[PDB]
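Q: Mind looking over this structure? Questions follow.
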Amino acid sequence: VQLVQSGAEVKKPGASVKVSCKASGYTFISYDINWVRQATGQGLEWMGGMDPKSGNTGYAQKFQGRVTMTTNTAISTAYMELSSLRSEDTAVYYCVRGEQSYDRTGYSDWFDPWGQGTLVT
Amino acid sequence: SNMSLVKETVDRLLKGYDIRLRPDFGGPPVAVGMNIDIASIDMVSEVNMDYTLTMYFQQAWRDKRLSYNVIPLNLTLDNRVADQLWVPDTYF
Amino acid sequence: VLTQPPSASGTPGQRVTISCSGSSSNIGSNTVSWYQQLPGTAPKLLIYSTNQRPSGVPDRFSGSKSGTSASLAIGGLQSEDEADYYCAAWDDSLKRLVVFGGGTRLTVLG
Amino acid sequence: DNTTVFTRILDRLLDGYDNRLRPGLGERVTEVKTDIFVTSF
Ligand SMILES: *[C@@H]1O[C@H](CO)[C@@H](O[C@@H]2O[C@H](CO)[C@@H](O)[C@H](O)[C@H]2NC(C)=O)[C@H](O)[C@H]1NC(C)=O
């Protein structure tokens with residue numbers, strides 16, 4: 001598959017940002033989109049997740065009240081709304097399709113395709 | 001704590017409990033109240049002259065031996081303890 | 001937290017291992033999955049379900065899991081194995097939560 | 001002697017446990033996360 005995401009954005013602190021990636025190559029409903037941040041100087045950090053078929057989200061503890069991951073089934077595009085920006089929210093925001101395999105002995109989950117897409121504040 | 005407190009409560013209730021003796025053995029009769037939540041009446045067979053019914057058959061009585069004061073909450077015990085209590089010998 | 005060595009060293013041809021540690025709620029209960037990230041691009045899946053390997057990754061790479069720790073063995077180390085390797089592990093503290101490791105910068109001595 | 005520690009843990013794990021009282025009998029509410037895999041309908 002592939003997850004084509006949006007271009008780079010530049011905004012000052014406090015201005016809510018917009019980042020979206022359109023899912024192409026698979027049934028956008030079967031798999032759940034997850035968002036991941038990666039500060040240039042440091043490693044990956046999980047932003048949150050949300051099942052498109054329902055719309056239920058699982059935001060990380062440290063972005064509990066700042067992120068809004070909605071989706072549009074019609075266009076097969078999912079996007080977040082990070083608000084209350086600071087100087088430390090500059091990082092490349094990937095959107096990763098979370099594949100899953102369930103069977104007799106429990107779940108096993110992973111982020112298969114990944115994307116791209118930067119942001120600086 | 002609470003968990004242990006109840007552990008000793010129930011252990012004390014069951015220690016020295018004679019399952020062979022009904023509530024108030026030497027006293028007045030014990031009164032058993034019954035409910036039935038009929039879950040289903042499956043098959044009424046005219047050939048076998050019988051029917052089948054699944055129910056939640058419930059009984060309620062008083063057993064002064066099983067009285068406690070040191071907690072207020074309604075106790076619900078694992079079903080395996082029903083082997084160690086006195087339960088009426090009801091039959092259909 | 002998923003602590004793993006900040007970096008690793010290896011000369012070509014020597015098997016080297018990246019190891020990650022975590023509580024019993026993330027790696028003990030669930031399965032890890034390693035993510036390579038060649039410098040200057042986006043990370044891509046490397047190992048999933050702690051053993052299996054996607055179509056495209058050579059048998060060169062393998063994964064393992066012992067109790068509350070997981071290890072990525074990079075056998076036959078080559079030049080193009082210079083990257084950062086991250087491990088993820090779904091945690092059961094909440095209904096949806098993953099934990100990415102700090103990352104391990106693997107260099108190729110020479 | 002890896003077996004000694006395993007057996008010690010297995011024997012000690014059940015000391016004082018009352019299997020008639022659900023975990024958190026008065027402190028909490030027992031959350032049970034259920035899951036089903038239907039081998040055949
Ligand atoms: C034990 O169970 C009884 C029976 O359900 C509970 O009695 C009820 O208590 C509420 C108040 O908390 C009353 O409004 C109801 O009318 C009571 N029902 C009956 C049938 O008595 C009781 O609360 C439970 N706990 C204790 C400590 O008694």
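Chain labels follow the order of the structure tokens: the first chain is A, the next B, and so on; residue numbering restarts at 1 in every chain, and ligands are counted from 1 in their shown order.
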Which protein, DNA or RNA residues have an atom within 10 Å of ligand 1, counting only C-alpha atoms and all ligand atoms, as number ranges by chain?

A: B: 69, 71-75

Q: What are the residues of chain A that have an atom within 7 Å of an atom of chain C, counting only C-alpha atoms, as an MDAnalysis selection string?

A: chainID A and resid 43:46 58 60 108 110:116

Q: If we count only C-alpha atoms, which residues of chain D reach to within 9 Å of chain A? Please list them as a ChimeraX atom specification.

A: /D:35-39

Q: Can those selected residues be exported to a file as a compact mmCIF listing (two decimals), in the first residue's frame so that it contains N, CA, C and O atoms?

A:
```txt
# COMPACT_ATOMS: atom_id res chain seq x y z
N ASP D 35 -12.14 -11.76 25.17
CA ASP D 35 -11.75 -11.87 23.78
C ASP D 35 -12.20 -13.22 23.27
O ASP D 35 -12.20 -14.20 24.02
N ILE D 36 -12.59 -13.28 22.01
CA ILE D 36 -13.10 -14.51 21.42
C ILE D 36 -12.43 -14.72 20.07
O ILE D 36 -12.22 -13.76 19.32
N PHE D 37 -12.10 -15.97 19.76
CA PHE D 37 -11.67 -16.35 18.42
C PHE D 37 -12.52 -17.53 17.98
O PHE D 37 -12.38 -18.63 18.52
N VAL D 38 -13.41 -17.30 17.02
CA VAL D 38 -14.39 -18.30 16.61
C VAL D 38 -13.73 -19.22 15.59
O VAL D 38 -13.58 -18.87 14.43
N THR D 39 -13.34 -20.42 16.03
CA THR D 39 -12.70 -21.36 15.13
C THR D 39 -13.64 -21.79 14.01
O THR D 39 -13.22 -21.96 12.86
```

Q: Would you work out the distance separating CA of residue 19 in chain D from CA of residue 5 in chain B, expressed in Å to one decimal?

A: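 If I compute the distance from CA of residue 19 in chain D to CA of residue 5 in chain B, I get 14.8 Å.
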
Q: Within 7 Å of range 72-78 of chain A, counting only C-alpha atoms, which residues show up once you throw out same-chain ones fewer than 2 positions away? Write them as a list in words, please.

A: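 The filter keeps residues 20, 21, 22, 23, 28 and 70 of chain A.
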